[PDB]
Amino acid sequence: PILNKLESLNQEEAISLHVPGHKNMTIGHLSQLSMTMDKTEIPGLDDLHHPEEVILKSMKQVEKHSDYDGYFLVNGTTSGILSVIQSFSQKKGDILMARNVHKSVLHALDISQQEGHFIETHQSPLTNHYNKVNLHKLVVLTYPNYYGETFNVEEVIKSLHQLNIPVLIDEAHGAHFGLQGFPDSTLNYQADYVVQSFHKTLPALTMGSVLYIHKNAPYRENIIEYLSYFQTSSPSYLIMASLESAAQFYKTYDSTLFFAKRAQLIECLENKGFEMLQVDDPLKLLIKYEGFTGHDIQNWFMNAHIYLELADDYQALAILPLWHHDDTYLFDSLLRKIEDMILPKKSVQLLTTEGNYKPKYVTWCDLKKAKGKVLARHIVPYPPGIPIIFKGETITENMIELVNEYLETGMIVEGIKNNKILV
């Protein structure tokens, strides 16, 4: 079944504007890999969880900044994130968190049983999504957010260090950061831990990621040991080789061709009546169309066998390829598919406050009576279909008000049934 669908997508010549960043083997040099290289810890090849030969030499090549050591991840940024946070489990204090931390961070606090606390987290006026925080054993921040928006993370990092708190930057969507024309990575701002999902925006295979640890960061050794707990003992050499290939691609990339093709794409879309929101990251294209939803726009592109990354009620997200001179991306077919598209005629508040998290039988309780209690299931308003209140939080006056405001306006709200909340 899976193979049958994958073959069918191949025959329809599907065009990727989605993860991973090799774009159905059109961007990058992964054509140099082959499955015959899917091997194991035989002498001559090294051992990821004990690297002292060809993998360590490769690790020295994945380096982007001289204050950091890099480590290969085969179980995604997820595994980096589990390994950094687990190392704090026996230390006093709690873990501070933006409201747009990835679920992996909440999974880490749950399985390790650690106290948490959400930082005041604010909404973009552009994207309607979380995009910045305002200020105790660790801080976790997402940078960029999913939609490629940045904020003054450097200053936050400095501020937290003056209080002696280390920071973990979830840089899942900033693996391409540092290339000419793009935003800067947090590797430049003395972040203690920075995990990047190579596979999401670079030509690495799905699941490939890298954890960068600052050479002075707390619990370095423990963290390195947990990477060998949270990743299989049988790590993939295909994935590892793709990290290596993708790192070489990052090292020698020239972006001039990208910025030209990007301009052409926007031209083409705009002449079709689409409206794009320019975020800080040029790789992330947000497409709107007056009178219609992102899901509608997602569907329209799919009907042309072009596959976007995701959508919300407001807009759809294209993650652009890292186009280069020798790529096999179907650029002309992309632009030609957009031109001939037949579109219709055109027509037509997140929780920001701080909060405690506890890593904790359940029951539905009336909102009015749920105050002071621990939430047992996420509240997810549509739009934007991401959580405003996570399970583990203590329910407040303010939360109930905003949640009733949602319901009064007829906004779909998951984690609520019959005007009750799970506790």
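Throughout, we count residues from 1 along the sequence that is shown.
- Deposited sequence between residue 348 and residue 349: 4 to 9 residues lack coordinates.
- Going from residue 135 to residue 136, you skip over 4 to 9 residues of the deposited sequence that the entry leaves unmodelled.
- Comparing 242 to 250 with 192 to 200, the higher mean C-alpha B-factor in the PDB entry belongs to 242 to 250.
- Look at the C-alpha B-factors of 399 to 407 and of 15 to 23. On average they run higher in 399 to 407.
- The PDB entry assigns its highest CA temperature factor, among 92, 173, 99, 288, to 92.
- Across 77, 228, 236, 164, the greatest Cα temperature factor reported in the deposited entry is at 164.
- In the PDB entry, residue 69 places in the lowest third of its chain by CA B-factor.
- Sort the chain's modelled residues by C-alpha temperature factor and residue 336 lands in the highest third, per the entry.
- Ranked by C-alpha B-factor against the other modelled residues of its chain, residue 327 falls in the highest third.
- For residue 183, the recorded CA temperature factor ranks within the middle third of the chain's modelled residues.
- The deposited CA B-factor of residue 110 belongs to the lowest third of values across its chain.
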